[PDB]
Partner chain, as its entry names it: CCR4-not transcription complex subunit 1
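The chain below stands alone and is given in structure tokens; this is the form solved without its partner chain.
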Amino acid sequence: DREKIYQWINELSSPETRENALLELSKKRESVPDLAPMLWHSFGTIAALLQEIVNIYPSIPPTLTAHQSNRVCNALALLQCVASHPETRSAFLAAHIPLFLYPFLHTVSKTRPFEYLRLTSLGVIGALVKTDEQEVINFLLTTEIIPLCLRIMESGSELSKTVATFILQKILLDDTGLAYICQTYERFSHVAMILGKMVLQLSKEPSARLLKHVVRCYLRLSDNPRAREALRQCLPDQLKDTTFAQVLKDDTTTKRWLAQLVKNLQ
């Protein structure tokens, strides 16, 4: 296993062997707990994965094919493995590796190859915020992942919206993230406005999981006194009426969050 992994790492250096090596290493993230430090400390390996990513920046008119996207998605999954490991995550952030993903979170291209990239890139960020570590939250606050998530939340696929909402939610759930978002009215109202637009869209194309994450964001915003006061005036009607009765029929948790939200607002 370790033997194969070191071979595949070497085989990233030859174009003829590179793709197979990427795919095989990616397959080992399920079963090799020490894969991330092996990747991180093997000379050139992180750079090879970043080169995979950088190599398709010129593909963003959008010319990315599904073959190119699947290759890079495997590199990203390897980076996610590094992001998720406690021995490599801090160094991962210190090297600013998430920034290499932001072009894939930024592009508005609707092609399926960019959707695979977008989802996998969101997966890396989501793996970071899943830790709820202050270091992660604060890193993301200074690198402006928030407007990237907001743009996806408004216009992405239902699944991209869900992951991007999950990322913003984890930031809101942190006290520093909530205080940062509520520090200026413009930050808060950008978040509130985008959430309001998703609520309207959800009334037309319902998704129980996306609604759940949107509601959680609202509920957390209502912990902040200034956000509470704005939501007292601007909370979307759809969160208090029968709009989502059918979607909520079995979601005891969201209904309970919605009731808690309204109560907070008095």
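Take the two forms, find the largest set of C-alpha atoms that superpose within 1.5 Å, and that set is the rigid core. Positions refer to the first chain, counted from 1.
The following text describes the form deposited with its partner chain bound, which does not appear among the structures shown.
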Any chance residue 198 has a heavy atom within 4.5 Å of its partner chain in the deposited bound form?
no
Answer for residue 14 alone: is it within 4.5 Å of its partner chain in the deposited bound form, judged on heavy atom distances?
yes
May I ask you to state whether residue 240 is within 4.5 Å of its partner chain in the deposited bound form, using heavy atom distances?
no
So in the deposited bound form, does residue 21 come within 4.5 Å of its partner chain, heavy atom to heavy atom?
no
Note that its partner chain is not shown here; using its position in the deposited bound form, name the residues of 40 to 54 with a heavy atom within 4.5 Å of it, in sequence order.
40, 41, 42, 43, 44, 46, 47, 48, 50, 51, 54
With a threshold of 2 Å on the C-alpha, tell me if residue 248 counts as moved between the shown form and the other one once the core is superposed.
yes
